[PDB]
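Input: a single structure, listed below in C-alpha cells.
Protein chains in written order, with PDB author numbering: chain A, 12 to 527; chain B, 55 to 214; chain C, 27 to 527; chain D, 10 to 181, 187 to 527; chain E, 55 to 160; chain F, 375 to 427; chain G, 215 to 267.
In C-alpha cells form, the structure reads like this:
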C-alpha cells in the first residue's frame, strides 16, 4: 500500500513528558510564529544636499526579494516569487527646512537617467518637513506568472528632488544635508514559490551571494597572489588570464588555482652567445587549457627580455624575472643542481635577447639553469620594474598579454570599474601593488558553475568597513566589478571589510556609496 | 540516513543513535540560522522494508539525557517498544525534549537519544553460499508538532 | 522558600510516575532453539526469584523478603514458515526438573513457533510461609520444553539452523518486598552473593598464581586447596588471598647437602602462618621427588621447579645479602641434593639457591620449569597438587560441570602457557572475610557476556567451585571483554544454561 | 499489529493459580508497609569531629544537597538520572555536660560561597548547645535554577555546620557531632535508568578515586597506601596523566614491569670489582626509544665499583628482581641475578647518568646469554645520611620532556600520595606519587571535563570522623587547602565521596582533630 | 555582637550597652544608608554559652531614655529578664521604642 | 635558527617550504613519525575516543 | 566565584595611589598596549609580580 508523504505511519513512544512545557517555553520568550513579516528593516541611506538639483535622483530601486535581510534567507529555500514589497522613507529634516522630494514608479524597461524629464511621470511628492515616515509600494508589474530568482526586469521606484532643500540660514563653509533613510519589508501580497532544499542548484543558474567571501582576510588576487590591500578605480579595466565570465568561459588559459607552472627545462643551450648572459632554455608545456600555453604562465611582462649583465644577478627591467623553482621528482634525489630563480619569456630568442609580440604565439623560453634537464614547477614570485616608475603591476594596456581576445570593461552608465589591489614584492616601485580583475574566490566560482547574472545586470555586494564606511560593488555578467563613483576615497577605508549581497541591480543605475 | 541490519549482527547491537537537534532536518537547518533557540521534540520515521519471509525484531529505546549509550544488551532493559522485521507501514517515533533549561541554545548538546537496538536477529529461512544478507532501515526526519523557534536574529549577526 | 509548585513543574518536564519499574518488561535472556534440538530437551528452566528483573535486582539489596508472583514474557521470533511447538510447564514447588520428556505429564500449555504476539506467563507464588527470604530456592519453577521439533523446510545449508527466544521479566501485580534493610547489610546466614565476580573481565585474577585472565577450562573433576575459600569462610589452604608472595626466614647451610655438587638447599622458616608451620604462600603445585643434581647455575635441568624471584625484607641496613638470584621451592628432608617427600606439607621447607647469609627475605612464584613433553596446564594432576590434610573437590553436580578459570604465567616448554585457577582472586578475597548466602543445596549463578550474543552461566556452589551447564561448550569462540551479571539462586540440581555460537 | 508495545502480550494461565489477593493481603498484614519507608525515619550519615582548638566560624561539615546524603536514597539513586525536593537533617552533639559551646547549622543558598567567617552566622541559622540533650531537626529547601537536577549538579544548596562559640573545656579534647538524614515529603526521583548503565558519557569525575583505601595503589612504584604529604611544589614525569590523556611520561598505567631485552656484551669494565653492565633494548615503547617503565627516581652518577659481592652501591638505582620472558625450550637463561637499572652513557665502568632519559639504557647484572626478560623494580637505598622519601629531589626525577609541576595554587597546596616500597636504612620507607593508580588508568582511557580552572573535589573520610577535600586539577595533580594539617592522625581505612566541581582558585576545606 | 563575661566581674558590672538604633542589626544597618529616620522596636535574642559547671545569672533591662546607664545594684530594680549560665535556650526580649520626638534621626 | 648556504651577503627574505628529501628509503608520508613533529611547549594529540578513530 | 566588585576603586580621587610607585594621582594615559607584572593582581588573586601591595 503506497505510503504517503505526510506520513501514513504509525505512532509510538514510551514514558513521555508533557506539552505544557511548550507553553512554558512560549512564555519564556514571546515568539509569535511568523514575526519577520511584521517589521521593516534598514537597507540604506542617502544624502539630500543643498548642492543637489531639481531632478537629481537620490534613490533608484527595483523589486527584489534580496533587499530584505530576512527574505533574503528564505529565498535560498524557494524558487520563485511574486507580488510587491514595501519601502519606508524617513526624511527627518528640521522644521525650518524648505524643499520637496518626489516619488516615481518607472514601468519595467523604461530607463532611469535622472533628468527633469522624469518628473513628468505620475508622481506623489513629500514635504521636507514630514514627520511620519512614508510607506511606498513597488508594484510587481510582470509578464510572466511568477519570477525566477534571477529575473531583473521590474519596476523602479525612483526618488527625485522636486525642489531644493532651502535653508533660511546660509553660512561660511556653505553646504547642508538631510538624511533619507530607506528600509524595506515584504509587501502584503509577497509569496514564495516551489520549495527547494537549500543544497540543490538550478540547471540554468546559481545564487550570486556565493561570489564575494564575507570577510576580506579570505580575499586573494587572481593575477598574482598576495595579501589584499584595497581597491582602485580605473576608467578602463583589462585582463586576459585567470578571469572567468559568468558563462563558465575564459579568454584566459589558466585554471583558477594559482598552483604554479608545470614545465620541462630543455638542456639545449642555444643561449650563451654572450659571456654577460645567464642563459635561456626552451620550455615544454606539461599541461594546458588551450593553445599549448602552460597553465599559470604570467599575464604581464611585455615586448622584450635583455640578458646583458644577467650572468651576475637579476637586474634587468620590467620583466618578471624572479620565478622560483621546485623539483617535480617521483623516485629519487635531484639531477639538476641548486637551481636558482628563473626569468619567464615567450617568442624568438636572439643570440642575446628574446623578443615577444603581445601574444603568446611563439615558443616559450626561460632563464639560465647551470645544469641538465628537469621536470619543474615554478611559482612567479618577484618583479623587476623599470629603473623608475610608479605604475603598479597591470597599469599598461600594452603589457598585458593575449591569446585571442582580451576581456575589457569600460565605464557603463556611470559605474566606473575597479581593480582589486594586492601587494607582492617588486623593485623600484614604492608601495608595490598589483591589479586584479577578480578575487581569487570570485574566479574559483564562475569556473565551477553557470551563475545566472544577466547581460544587463549587476550582482551588487555591499562592502562595510569597520566604523561604517561603505560602498557598493557589482559583478557584471562579463565578470568585472564596478563602483558608482570615480574618485571615492578608498584610502580612508578601514583595514578589515565585510561583504553582504544586496541583490541584483539594473546595470545603468548608479551604484551608491557613503565613505567619509 | 540509512543503516544496515545484517545477519552478522547481535541481539543488542545498536543500529542507530540519535539525539534531538534541529540541524538534522534539511529545512529547519536553514531556519536555524535565523533564530537563537528552540524547544520541543522532532519526529523520525523508520521504514524497515524486509521481505515477508524474514524473521527478526528491532527495538526502539529512549535514553534519558546523560545516560551513556554503549550498546550492550543492558540497553534492552530500558522501556522499549519493538518493531517486526516484516512491518509494512513506516513507524513514527517522537524524541521527547527533556530539558532543564526553558529553551535551548543552538549549540546545547545534552538531550535524549533514540536508540535502535537489535532485539532478535534477521532470521532468513534460506541460507546460502556467500553467506550474509541485510535489510535497509531508512531514517527520515520532520519537525515535531511542538517544535518552535525562538528570538529572531538577522542571519548576519554572530553570538558573543 | 519551597513550594509544591516546583515539584509539579519537574513532573511536567520529565513524566515520571513514582514507581514505574513495575510497568514495562525488561530483558533477561535469549535462548536459542535449534533445528537439531531433540524432543523434550529443556530450553528454559527458571525458578521464581526476584533476582531476574534488573530493577528488582537492585531494589532487593534493600529488602529482606518478598512475596507475590512474577511475569515472564516470551518473544518467539521465527519466520512464518517454521513449524514447531514449545511446551510450557509449571512445576509444583520442590519437584525437580530432572528430565524433559517426563515433565510433559504435568498440565502444560503449548506455544507455537509462529506466534505474532508475545506470551506472558505468571509463575505462581506457591508458598508454605507468609513471606520468603532473599535466599530461599524451594519455589515453583517454569520449564519450557520442546514438544515438536523446529522444522525448517530448508536444508541447502544442511545443519546448524536456528531460532531465537528472548525472555523478559516483570513484577506481577502482587509482587511486594517486605522488610527494609540498609544496603551493604549482611543477612543472617550470609551476605549478598552478588559481589562475587567482578563486573568486567579486566579485573579477573586467578587464585592460584598471578596473571591476566585468558579463558576457561572444563574438567570432569576439580581440586584446589590453597587460596580456595568456601562460601562459609572455611579454607583448607594456608594463605591469605593477597598474592603478596611468601616471605621467609633463610637459615644457613646447616642442613644443606654436605657432599654437594650443585647449588645448595636451605631450610627456612615461614615467619607468618595461617596454618601451623606452613609459610603463608607456599606454591601449591610442584613435582614430587625433585632432583637438584646438575643444578650448577642454570636450573633449566630441573623438572617441575616453581622458580621464585627473590627480594630483601625488613633489613634496616647495608644489604649484607649476596646477589639473590632465583629460588627453587621444595619440601621434604633428604639425604642428598634431592627432595623426596611430597603429597603433603608435613616436611621441612627448603630453598634452592646460592645463599650464604642468614636472614629474612620475600620470594614470589615467578616461573615454571617443565618436562620437554608437557601438554598439560599447571594443575592438571591430582598427584602434584599439595594438600595439608584435605583436598576439596567437585564432580558433575547433576549434569553441571566444574570449570577452572585459566590465566597466563611464564612456564618453559608449554606453548601458550596456562595455570588453572579454581577461584577468581576477587571471589577469594571475599568469601574470606564474609559468609555468603549460597545454601547447602544452592548454586548462585552469574552470566558471562562478550559479544556476538555469546553467553554462558557460571555458578558458584557452597564449596565455592565454578559450575557450568554443558561439558563441551566452545570456549574458544568467545571474545575477551567478558562481563559478569548476577542472575539469581538456581537450584543446584537444575541445569545451567548456555548460549554461544 | 506488527508493532509491539512496551507492555503487551497474551495472558496465559498455567497449572495452579493460588488466589493471589488473599495471600498478598496476608503478607501485607504480616509486615506493614508504607509507600516509601526510607522517608519515614532517619538514617545515619556522617559523624564529624569538633575540637577545642576550633576557632569561631570553622566549618565542620559542608554538604551540598544531593541524594548521597542518605543511605537509602543513595542506593536508589543508581536507578535514576535526576532528583528534586528537600532533605531533612537531624544532627546531634554528644558530649559531657561539663563541656560548653554552640554549633550553628545554616542552609546556604546556591549562590553563596560556603567558606567560614562570622558573616555566615547572619542568615537563618538553627543553633544547638553541647548540653541540648535532644536531636534538632531542620529542613534543607531545594532551591533551584533548573527544573530538575542531574546527578552531579554543583549548583545545589548547601549545609554548613559552623562553630558559633568555641568549645570551652573546664578541665585541661574533641567532641563529636553526628548527622542523620531523611527524604523530604517533596523528594522525588526522575528519569529512570538501569543500574549498570554507568553515569553520563563515561566522562564522570566520580570514577577517579576508589571508594575504599583497599585499592589505593600509587603511580610511581608498587605497594599498599600509607596516607599523604603536603609540599610547596609537586612534580613527576612517569605514569602521570592529564585531563586530556596527555602524558609526558614513558609508561602505560599497567605498572607490571619492564619488558626488556639484554645483549650478551659485558661492556668490558674491570674484570673484578664490579658486575659489569649490559646495554638494554626495550621490547615495547609508548614514546621515543624509552622502554616501558624505567624508575622515575634514582641517583645520577652511579658509581659501580666493588659491586661483585653485593649491591652495596651508594645513592641507589632500583634493584630489580628478574624473570625469563617466555621460551619454547628448557631454559636458555642461567642463574638470573638482581638487576640494577641505569640510563645515559657508559663513559667508563661507571655509568654517567643525566637528569634526562635521552641517553642509551643499561643494566648492571651478571648476564652472559642473550634473551628477553621482565624485571620488576624491587629495592632501594641512599647514603646513611639521608632520610628523604623516594621522589623528593627535583634532580633525581628523570625527564624526557617538560617536567609537569604543581605550585602552591590559590590557597591550595599540591599533595603526594605516600605508599611503602622495599628499601633499607631509610626509616619507614615511602615513595611519593602524583596520582593513585586508578587515576592513572583512567585519564588514559577517557577524556575528562576537569575545567581549565576547575577542580573535582573529593571528600576523604577517616573512621574517626575527620575529613578533608582533595581536588584533581586539569593537570591531574591533587590539592588540599592547607599548608600543613595533622595527617598523622589519619586512620588508615579511609573512604572517598565525590563532592563535585569547584573552582580551582577557591580555597578547600578540612576538618581534622 | 559577642561580649565577654569574666569571673572577675563584680555584681552590677555592665557587659553590654546599646542604645536602640538601626546599627544593632546587620541588614537594618545596611538598609539604613538609604534612609534618614527610624522608628519602632527591635527584638533581642541573647545567649550565654558556658560549661554547665559554671554558675551565675545575667540580667537584661530595657533602660528608658532618661536614665543613666551606669552600673550599680539599683539598675536591677526595674523590669529585667534574667538568664542562667545553664539556661540552655536563647531568651527573647523586646526593646520598646520610647520617644520624645515623632521620629528619630540617624 | 639556521638555514642553508647563500653564496653572498645579507638580505631580507621570504621563503616558501617547497620539497622534502626523505630517507634513502621509506614509505612514511610526511607527518608519520611522532618523534619528528616539532614542539614549542605542548603538542596537540587526539587518540581513539569512544570508538571514533 | 567572587566578591562584589563594587569595592575596587575608591569613591574619591583623594585616595588614589598607583601600584607602581608612591605618589599623588595626576591623570590618565592611554596606550594601544599595556604591561605590568609587579604589584599587579588579577581578579582571581593570581599575581605575577613579587610583592605584597
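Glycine is no exception: its CB is placed at the ideal position from the N, C-alpha and C atoms.
Is the Cβ of residue 120/D closer than 8 Å to any Cβ of chain B?
-> Judged by the 8 Å Cβ criterion, residue 120/D is not in contact with chain B.
Per DSSP, which one or two residues make a beta bridge with residue 359/A?
-> Its beta-bridge partners are 366/A.
Per DSSP, residue 481/C forms a beta bridge with which residues?
-> Residue 481/C pairs with 475/C, 525/C.
Entirely enclosed beta strand (DSSP E) segments - the stretch 40–97 of chain A, minimum 3 residues | Listed in chain order, the complete beta strand (DSSP E) runs (minimum 3 residues) inside the stretch 40–97 of chain A are 52–60, 68–73, 91–93.
Which residue from 506/C, 305/C, 278/C, 516/C puts its Cα closest to that of residue 229/C?
-> Comparing Cα positions, the closest option is 506/C.
Have a look at residue 531/A and residue 142/A and give me their C-alpha separation to the nearest angstrom.
-> Absent from the model: residue 531/A. The displayed extent of chain A is 12 to 527, so no value can be given.
Sufficient close CB pairs (3 or more, under 8 Å) joining the stretch 226–242 of chain A to the stretch 131–141 of chain A | Because the criterion of three Cβ pairs below 8 Å is not met, the stretch 226–242 of chain A and the stretch 131–141 of chain A do not touch.
Using 10 angstroms around the beta-carbon of residue 154/A, count the other beta-carbons present and answer buried if the total reaches 16, otherwise exposed.
-> Around the CB of residue 154/A, fewer than 16 other CB atoms lie within 10 Å, so the residue is classed as exposed.
Per DSSP, which residues does residue 30/D bridge with? Please list them.
-> Residue pairing of residue 30/D in beta bridges, as defined by DSSP: absent, with no partner found.
If we cut at 8 Å on Cβ distances, does residue 375/F have a partner in chain A?
-> With 8 Å as the cut-off, residue 375/F does not count as an interface residue toward chain A.
Residue closest to residue 233/A, alpha-carbon to alpha-carbon, out of 13/A, 432/A, 146/A, 517/A | It is 432/A whose Cα lies nearest to the Cα of residue 233/A.
Which two residues bound the contiguous alpha helix (DSSP H) that contains residue 511/D?
-> Residue 511/D -> not in any alpha helix (DSSP H); beta strand (DSSP E) instead, spanning 509–517.
Within the 8 Å Cβ cut-off, does residue 517/D reach chain G?
-> For residue 517/D, the answer is yes, since a Cβ of chain G falls inside 8 Å of its Cβ.
In the structure shown, what three-state DSSP assignment does residue 455/D receive?
-> Helix, per DSSP.
Name the residues in the stretch 192–209 of chain D whose C-beta lies less than 7 Å from a C-beta of chain B; which are they?
-> Answer in chain order: 205, 207, 208.
Under a three-way DSSP split, which group does residue 501/A fall into?
-> DSSP places residue 501/A in helix when its eight states are reduced to three.
Mind the definition here: the stretch 307–314 of chain C touches the stretch 409–416 of chain C only if three or more C-beta pairs lie below 8 Å; say whether that holds.
-> Taking a cut-off of 8 Å on C-beta distances, the stretch 307–314 of chain C touches the stretch 409–416 of chain C, as three or more cross pairs fall below it.
Beta-carbon of residue 12/D versus every beta-carbon of chain A: anything under 8 Å?
-> Yes, its Cβ sits closer than 8 Å to a Cβ of chain A.
In or out: residue 286/A buried (at least 16 other Cβ within 10 Å) or exposed?
-> That one is exposed.
So residue 128/C is in the alpha helix (DSSP H); what residue range does that whole segment cover?
-> In the DSSP assignment, residue 128/C falls within the alpha helix (DSSP H) that extends over 126–129.
3 or more residues per run - each beta strand (DSSP E) lying fully within the stretch 94–169 of chain D = Complete beta strand (DSSP E) runs here, min 3: 96–103, 109–117, 134–138, 145–149.
Cβ-based neighbour list, residue 591/A, same chain, cut-off 8 Å, excluding 5 preceding and 5 following | Residue 591/A falls outside the range modelled here, since chain A spans only 12 to 527, and no answer is possible.
Kindly say whether residue 90/D, judged by its beta-carbon, lies nearer than 8 Å to any beta-carbon of chain B.
-> Yes, its Cβ sits closer than 8 Å to a Cβ of chain B.
For residue 244/G, count neighbouring C-beta atoms within 10 Å of its own C-beta (all shown protein chains included) and say buried if the count is 16 or more, exposed if not.
-> By the beta-carbon neighbour count (other beta carbons within 10 angstroms, threshold 16), residue 244/G is exposed.
Alpha carbon to alpha carbon, what distance is there between residue 447/C and residue 347/D?
-> Going by the C-alpha atoms only, they are around 28 Å apart.
Output yes if chain D places a C-beta closer than 8 Å to the C-beta of residue 167/B; else output no.
-> Not closer than 8 Å to any Cβ of chain D, the Cβ of residue 167/B fails to qualify, so no.
Under the assumption that residue 326/C contacts residue 351/C (Cβ atoms under 8 Å), give the Cβ distance between them as a whole number of angstroms.
-> The pair is not a contact, with the Cβ atoms about 13 Å apart (cut-off 8 Å).
Quick one, which of 402/D, 512/D, 259/D has its alpha-carbon nearest residue 418/F's?
-> In this structure, 259/D is the residue among 402/D, 512/D, 259/D with its C-alpha nearest to the C-alpha of residue 418/F.
For residue 202/B: DSSP bridge partner residues | BP columns for residue 202/B point to 93/B.
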